[PDB]
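Protein sequences, first through last, are from chains B and A. Position one of the first sequence corresponds to residue 4 (PDB author numbering), numbered consecutively onward. Position one of the second sequence corresponds to residue 4 (PDB author numbering), numbered consecutively onward. Report on one structure; see the data block that follows.
Number of protein chains: 2
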Amino acid sequence: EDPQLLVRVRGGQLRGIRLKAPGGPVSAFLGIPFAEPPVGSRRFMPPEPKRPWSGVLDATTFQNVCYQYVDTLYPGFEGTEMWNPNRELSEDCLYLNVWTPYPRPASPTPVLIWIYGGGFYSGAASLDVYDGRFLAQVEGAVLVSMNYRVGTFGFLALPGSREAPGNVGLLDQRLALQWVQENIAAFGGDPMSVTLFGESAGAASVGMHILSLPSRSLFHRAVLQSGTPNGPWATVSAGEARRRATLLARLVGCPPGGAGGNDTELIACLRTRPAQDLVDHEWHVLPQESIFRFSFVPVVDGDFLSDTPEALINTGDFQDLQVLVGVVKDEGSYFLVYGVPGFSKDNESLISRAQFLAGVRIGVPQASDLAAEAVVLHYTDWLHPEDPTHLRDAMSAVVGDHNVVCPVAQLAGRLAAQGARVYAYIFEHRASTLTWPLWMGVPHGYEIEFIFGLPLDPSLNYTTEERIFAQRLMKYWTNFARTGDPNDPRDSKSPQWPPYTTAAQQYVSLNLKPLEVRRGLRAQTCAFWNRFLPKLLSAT
Amino acid sequence: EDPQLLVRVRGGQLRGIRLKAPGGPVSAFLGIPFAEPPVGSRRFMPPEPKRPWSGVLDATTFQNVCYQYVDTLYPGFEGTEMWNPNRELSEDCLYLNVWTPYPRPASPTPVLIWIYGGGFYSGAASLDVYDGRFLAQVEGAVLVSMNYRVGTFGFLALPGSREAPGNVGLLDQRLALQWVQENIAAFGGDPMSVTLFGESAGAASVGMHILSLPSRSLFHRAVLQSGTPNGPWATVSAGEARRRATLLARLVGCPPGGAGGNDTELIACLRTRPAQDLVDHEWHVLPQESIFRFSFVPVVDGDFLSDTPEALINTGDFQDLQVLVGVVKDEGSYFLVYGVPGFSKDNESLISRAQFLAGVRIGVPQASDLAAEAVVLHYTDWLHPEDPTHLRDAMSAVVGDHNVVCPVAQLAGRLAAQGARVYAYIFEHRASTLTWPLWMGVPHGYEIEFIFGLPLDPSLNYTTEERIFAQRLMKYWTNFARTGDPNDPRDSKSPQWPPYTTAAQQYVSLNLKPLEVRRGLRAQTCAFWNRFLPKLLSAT
Ligand SMILES: Nc1c2c(nc3cc(Cl)ccc13)C[C@H]1C=C(CCCCn3cc(CO)nn3)C[C@@H]2C1
Ligand SMILES: Nc1c2c(nc3cc(Cl)ccc13)C[C@H]1C=C(CCCCn3cc(CO)nn3)C[C@@H]2C1
Ligand SMILES: [Cl-]
Ligand SMILES: [Cl-]
Ligand SMILES: [Cl-]
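Below you can see the structure in the form of structure tokens.
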């Protein structure tokens with residue numbers, strides 16, 4: 004028995020597996036359970052702390068993926084399939100993962116926690132691109148990641164019921180976080196240096212921990228990659244949530260025979276439905292044809308979030324908060340091929356003007372005709388109104404600016420203005436090994452592999468500079484994790500990454516070239532989306 | 004008694020005068036009556052053709068200027084004073100002026116008819132900048148210009164009434180146009196080739212002639228400099244004319260003293276008022292705090308204007324028409340000094356953000372709160388929103404774009420779409436002798452002295468390049484008058500001035516360098532004022 008690979012946590016004993024990162028060893032504790040499995044009558048309920056077990060629990064592989072819809076967009080293609088579940092689907096899925104260096108470190112080392120995204124309807128911590136060997140090996144970090152319930156299981160809500168209260172997916176994350184307070188010391192990590200980081204819904208989730216009081220004392224610093232809690236997709240109102248829950252139920256059994264008294268009678272019936280029945284109907288509840296909108300997402304309940312994220316980033320006190328936030332170069336491109344007519348990976352998607360107008364209604368489902376028109380106005384080249392290249396790229400900026408870029412800038416701006424230290428970036432590097440067309444640029448989420456150090460592992464066939472690049476990234480992230488500043492703490496010329504400020508609006512390019520400072524993250528456009536358009540949507 | 008200075012026209016005989024241009028003599032016949040004096044009971048009435056006279060009418064000097072408001076912005080300043088009346092004010096003012104080569108030309112010469120501007124409230128054909136002797140001597144042109152009634156005298160309307168039908172200043176112009184058909188042959192001009200040109204309200208009037216059938220038959224080609232019949236200031240509805248006319252009456256004591264009367268009674272009361280009382284009250288009737296809005300302008304009466312200029316341009320057939328239109332570099336600057344707080348000729352006029360926002364409301368008086376916010380959204384630099392140099396230039400562009408540039412762009416595009424040959428330009432040269440400050444650039448009106456060839460008079464102190472440049476401009480205009488193309492025909496390698504078309508949106512810049520071809524006349528911004536803002540303003 005290897006004493007490194009065996010740890011005791013408050014619930015009992017665990018056995019890790021020794022892992023061979025390309026520059027030496029690491030200890031992995033995979034599949035540690037942090038909650039009672041939320042099944043049977045616990046479906047839709049807040050998670051409960053895992054009861055203590057006896058014996059030695061085998062922590063040597065990834066546990067089940069939380070039950071979820073699986074995209075069938077391009078069956079067979081690694082571009083999409085790299086993102087699909089890689090373990091069996093199960094409602095029994097509340098498990099986290101821990102990576103420490105081998106051997107267990109020196110003194111209390113800074114802790115990174117990953118929260119995966121996927122529109123709150125998909126994702127798994129067990130994915131290749133989220134493998135924490137490298138950050139732990141190469142930078143001596145303790146890297147934690149958890150599974151949390153998605154779709155209906157995590158976010159179906161009958162607001163104000165005891166029984167399907169909403170936001171239980173975030174409660175899952177909050178429980179994994181509490182577990183790190185209580186247990187990470189045992190692996191080397193430091194409970195007083197905890198940094199969150201996530202991408203998409205993962206970032207929106209980090210956002211939400213920033214915004215929810217009971218979460219604040221469980222972490223110190225935060226990274227939001229390509230996603231924010233404010234913005235058009237990451238929350239719904241209590242009333243739209245009830246509408247969606249009630250309609251979902253009605254379509255499966257639920258309650259039986261048009262009966263509408265007890266919300267708990269409604270939920271009891273839903274708990275009798277096979278998991279696949281729920282997933283089978285989850286898309287049917289959206290209110291219009293759209294993209295970048297998801298059926299079951301965090302709800303503004305007056306509870307986990309005491310007001311909307313918009314209201315809560317305006318009025319917050321954020322003195323003691325260091326944050327790092329950014330976007331990739333082409334946030335919008337995946338979304339088009341996913342759900343706007345005219346866009347594919349197989350041709351190169353030079354659309355007509357009609358397609359672009361139709362695309363704007365799909366990309367901006369909440370828009371009235373006048374709002375839709377405002378959007379067309381800003382994004383059209385009135386000199387070349389039908390240049391199919393311009394149209395294609397424009398349609399991509401609409402979706403990416405509306406959903407990601409501008410809410411990131413809004414977030415950066417409000418946090419800076421309310422006392423936070425904020426660093427911002429834009430990721431413009433396109434991987435040599437990417438298999439999506441050139442027209443798609445750097446799409447949503449293809450910075451993850453470089454933050455995670457995957458271009459290390461040389462059997463992946465990442466170029467030599469991609470490798471150096473990855474190491475820079477890993478430095479910035481872990482630097483930020485340690486200090487609240489991604490800059491090298493004594494570095495002779497690099498240069499600096501300055502804080503983002505409302506006054507100067509500085510943010511850095513992240514590519515193969517050295518760090519370049521820029522000013523105004525799509526400033527004119529974000530003024531359109533963040534100040535003007537809301538005024539025009541309401542009143543219209 | 005030169006047989007060259009003596010002429011018989013339908014009404015009788017006239018004697019003109021031999022004048023020295025720089026390059027040789029010209030013949031001028033100034034002060035020719037083309038209508039019966041519109042005084043006494045003829046105030047506000049359509050003009051009547053001048054009755055035949057006997058003897059030789061002395062046509063050797065300019066006649067009285069139509070009654071009008073005299074501007075007092077900078078008393079004693081040359082820059083403002085070159086525009087003011089230079090003969091006595093009088094209601095007896097319907098006179099025209101002809102300039103031809105001396106001796107009178109041997110072949111029928113293309114005729115150029117100039118219509119001055121002045122916001123429909125000021126102007127005279129006798130200003131030094133409207134002197135036809137250069138075009139006559141250098142290009143062999145027959146140049147005509149008329150006085151037409153301005154302000155209340157020309158545009159006070161009780162629409163539907165007999166005694167004040169409206170548009171009577173347009174009718175003054177039309178009668179001068181008829182007089183040209185009937186009589187120009189006697190001076191050597193060709194009535195089969197008549198080109199109208201005008202600036203500002205002069206240009207708006209030219210466009211109104213294009214759009215009114217009884218005017219169309221009297222001319223062949225038109226030139227519009229910095230004004231258009233469509234747009235926010237050139238016309239008013241019948242309702243608003245009636246409300247302004249009735250208010251003016253009330254202010255000068257016309258019910259008399261009691262109620263609101265017949266139209267007949269109100270007009271007869273107005274006719275008893277001295278001219279200066281009417282001039283004195285004409286600004287009193289404007290509805291809002293504004294710039295670039297005038298009290299008494301052409302009314303949409305369903306007679307002269309059978310529908311709005313906007314409607315008429317969207318639906319006419321303009322196949323037989325050639326038009327040359329364009330703008331100066333800084334259309335709005337003068338208006339800022341006239342009426343927007345923060346702007347002055349005596350300093351650089353750097354303004355604060357609050358001033359820019361107040362300015363937008365003055366410059367776009369019809370705008371609702373949200374419409375004004377759209378303007379501010381468009382023109383703010385969101386990276387440097389308080390930059391005072393930027394704000395000052397923005398404030399100028401808002402006013403220039405809204406009132407002149409964009410309405411010009413709309414006319415050029417509608418006319419080209421409906422089959423007109425169109426040429427468009429931007430005049431970018433700042434007179435070496437200009438006395439307005441640098442920040443004002445090339446203001447409204449300041450291309451006129453170049454078109455009319457004033458730089459050819461070496462006592463005015465323009466540079467040599469200015470003289471070369473005036474020569475070029477005169478050729479373009481007279482080439483256009485002769486053929487409907489401003490290009491030099493027996494020539495090549497100039498460059499060419501291509502027609503403005505809706506696909507390519509080509510226009511040229513006119514300055515000391517050779518013609519540069521540019522594409523899209525403020526395209527992004529004009530799509531804003533011309534397509535989006537009306538929808539927003541009507542939805543709001
Ligand atoms: N599956 C992907 C993910 C990511 N990026 C991908 C990029 C490409 Cl080119 C292809 C697939 C991707 C990043 C993370 C975010 C998601 C959410 C994907 C949402 C797709 N979607 C569904 C809808 C509903 O109409 N709208 N958009 C899912 C996952 C994690
Ligand atoms: N008097 C001027 C004219 C011209 N350009 C001038 C430029 C400068 Cl910088 C100074 C005076 C100018 C060109 C022609 C047009 C006019 C109309 C002036 C309208 C001013 N105004 C008054 C109002 C009332 O709010 N709004 N704008 C008047 C006249 C002919
Ligand atoms: Cl830059
Ligand atoms: Cl003289
Ligand atoms: Cl004089």
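All residues carry an ideal CB built from backbone N, CA and C; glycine is no exception.
- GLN509/A is outside the set of residues whose beta carbon lies under 8 Å from a beta carbon in chain B.
- Linking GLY122/B to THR238/B through their CA atoms gives a straight-line distance of about 11 Å.
- With distances taken between CA atoms, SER229/A lies nearest to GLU202/A out of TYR465/A, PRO217/A, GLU202/A, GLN527/A.
- Sixteen is the threshold: when 16 or more other Cβ atoms of the shown chains lie within 10 Å of the Cβ of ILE294/B, as they do, the residue is buried.
- Against chain A, the CB of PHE359/B has no partner CB under 8 Å away; the residue lies outside that interface.
- Restricting attention to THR383/A, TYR337/A, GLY342/A, the CA atom closest to the CA of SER355/A is found in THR383/A.
- Remark: three or more beta-carbon pairs, one from each stretch, lie closer than 8 Å, so the segment 260-277 of chain B and the segment 156-167 of chain B are flagged as touching.
- Interface criterion met: the Cβ of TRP385/A is under 8 Å from a Cβ in chain B.
- When the alpha-carbon of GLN527/A is set against those of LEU380/B, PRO537/B, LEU540/B, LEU457/B, the nearest one is in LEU380/B.
- For the segment 513-534 of chain A, the residues whose beta carbon sits under 8 Å from a beta carbon of chain B are, in order, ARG522, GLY523, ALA526, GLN527, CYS529, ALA530, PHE531, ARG534.
- Per DSSP, reduced to three states, the secondary structure at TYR479/B is helical.
- Taking a cut-off of 8 Å on C-beta distances, the segment 363-370 of chain B does not touch the segment 414-421 of chain B, as fewer than three cross pairs fall below it.
- The three-state secondary structure of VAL425/B, taken from DSSP, is strand.
- Chain order gives the chain A residues near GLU376/B as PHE535, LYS538, where near means a beta carbon separation below 8 Å.
- In the three-state scheme derived from DSSP, where H, G and I count as helix and E and B as strand, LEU353/B is classed as coil.
- Separation of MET398/B and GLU334/B (C-alpha to C-alpha, rounded to the nearest whole angstrom) is 11 Å.
- Residue-level contact check: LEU380/A touches chain B, since one or more beta carbons of chain B fall below 8 Å from its beta carbon.
- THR249/A: member of the alpha helix (DSSP H) spanning 241-254, first to last residue.
- Relative to the non-hydrogen atoms of ligand 5, the Cβ of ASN89/A comes within a distance shorter than 7 Å of at least one.
- Interface flag for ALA427/A against chain B is unset, since no Cβ pair is found closer than 8 Å.
- Taken in chain order, the complete beta strand (DSSP E) segments of 3 or more residues contained in the segment 324-374 of chain B are 325-331.
- Per DSSP, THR103/A lies in no alpha helix (DSSP H) segment; the continuous beta strand (DSSP E) that holds it begins and ends at 98-104.
- A Cβ-Cβ distance of about 5 Å is found for the pair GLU468/A and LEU515/A, placing them in contact under the 8 Å criterion.
- Not one heavy atom of ligand 3 falls within 7 Å of the beta-carbon of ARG525/B.
- Using a cutoff of 7 Å, the CB of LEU22/A counts as near ligand 4, since one of the ligand's heavy atoms is closer than that.
- At a cut-off of 8 Å, the C-beta of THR275/B has no neighbouring C-beta in chain A.
- Put simply, the CB of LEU373/A is near chain B, with a gap under 8 Å to one of its CB atoms.
- Non-local C-beta neighbours of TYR133/A in its own chain, meaning closer than 7 Å and more than five positions away in sequence, comprise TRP117, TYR119, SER148, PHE455, ordered along the chain.
- At a cut-off of 8 Å between C-beta atoms, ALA160/A does not count as an interface residue with respect to chain B.
- From the listed residues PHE321/A, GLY191/A, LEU281/A, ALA434/A, the smallest Cα separation to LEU457/A is found for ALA434/A.
- Under the DSSP assignment, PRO194/A falls in the beta strand (DSSP E) whose first and last residues are 192-202.
- With contact defined as three or more Cβ pairs closer than 8 Å, the segment 38-51 of chain A and the segment 94-101 of chain A are in contact.
- Residue-level contact by beta carbon holds for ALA542/A and chain B, with a gap shorter than 8 Å.
- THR63/A sits in a strand when the DSSP states are folded into three classes.
- In the DSSP assignment, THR528/B falls within the alpha helix (DSSP H) that extends over 526-530.
- Beyond the five residues adjoining it in sequence on each side, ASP193/A comes within less than 7 Å, by CB distance, of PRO111, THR112, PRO113, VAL114 in the same chain, given in chain order.
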